[PDB]
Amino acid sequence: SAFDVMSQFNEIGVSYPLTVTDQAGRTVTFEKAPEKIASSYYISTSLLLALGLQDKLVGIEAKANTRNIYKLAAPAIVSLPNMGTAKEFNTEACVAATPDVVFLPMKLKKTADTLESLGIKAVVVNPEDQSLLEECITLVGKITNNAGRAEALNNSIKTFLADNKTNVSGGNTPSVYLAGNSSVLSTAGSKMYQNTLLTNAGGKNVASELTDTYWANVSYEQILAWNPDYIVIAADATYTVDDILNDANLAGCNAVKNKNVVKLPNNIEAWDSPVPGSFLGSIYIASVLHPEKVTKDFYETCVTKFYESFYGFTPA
């Protein structure tokens, strides 16, 4: 069973002193594993929880109460000192929490210098696509002396993604419209992460020729011209499947006529950004586009096993 990889005990250790290169190219040295850890990015926080490190956290990013995964896996962390975000980093709250390491997103790269000047080790992470996420998992695993657990997480991700790609191969490749957070008219081109989820699930993006580097708006007329077989709505969208089906301006397209409209779930995590479980979004999508190859029961079992194995709770 593929699920064995999620529990495999992996005999890798870490020797200190440890010099690593972070994902901004900076060199950082650890004489031992840090015991007090701060994170100022939701992805790195999710990552730390997946490595079993909740009890070492001394600071967390803003809006922690909006993250379902903390409420299910680690609710006590929501009351930790707020480190801020790229919009505004809370330097004093960070100093006062006396962390041994702070994980920062790429957008906060200049803050690493601020923290190093104050004697605080900073590590810049950039988990913004699958390979970068996997490298970040390795990096954090090394720093925190959880390389075994990190390798199991990475193998789990690689295995299930690779299996999903093979399960869906050799038949049709349905056309798909990725609908964005703000309205059905917001969409994603090939430069976005969601496109990669979709292509690993055996679908093709009707917006592949968009050169935009983030969500971008199109017209109803363009959606009808592209005539997607399926519509997949972003996990954090404000609107729902029912909303799209009730939208008379889209009555013309295949996806609506055939009721082939779904929304990625967000009751645990949104998988349309590279959190560790994001591969589940490609399994979800495959379960919609290729249900005879990747079944709903299989998808459900993946979600349950993944969050049990790495986050210590049983999804409901």
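All residue numbers refer to positions in the sequence shown, first residue = 1.
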{"property": "Stretch exceeding the other in mean C-alpha B-factor - 117 to 125, 80 to 88", "result": "80 to 88"}
{"property": "Mean temperature factor over C-alpha atoms, higher-scoring stretch between 285 to 293 and 60 to 68", "result": "60 to 68"}
{"property": "167, 159, 146, 182, ranked by C-alpha B-factor: the highest one", "result": "182"}
{"property": "Peak C-alpha temperature factor (PDB record), options 228, 171, 99, 141", "result": "171"}
{"property": "Cα B factor band for residue 302 (lowest, middle or highest third within the chain)", "result": "lowest"}
{"property": "Residue 154 - Cα temperature factor, lowest/middle/highest third of chain", "result": "lowest"}
{"property": "Third of chain Cα B-factors occupied by residue 314", "result": "middle"}
{"property": "Chain third (lowest, middle, highest) by recorded CA B-factor, residue given as residue 232", "result": "lowest"}
{"property": "Residue 274, C-alpha B-factor rank within chain (lowest, middle or highest third)", "result": "lowest"}
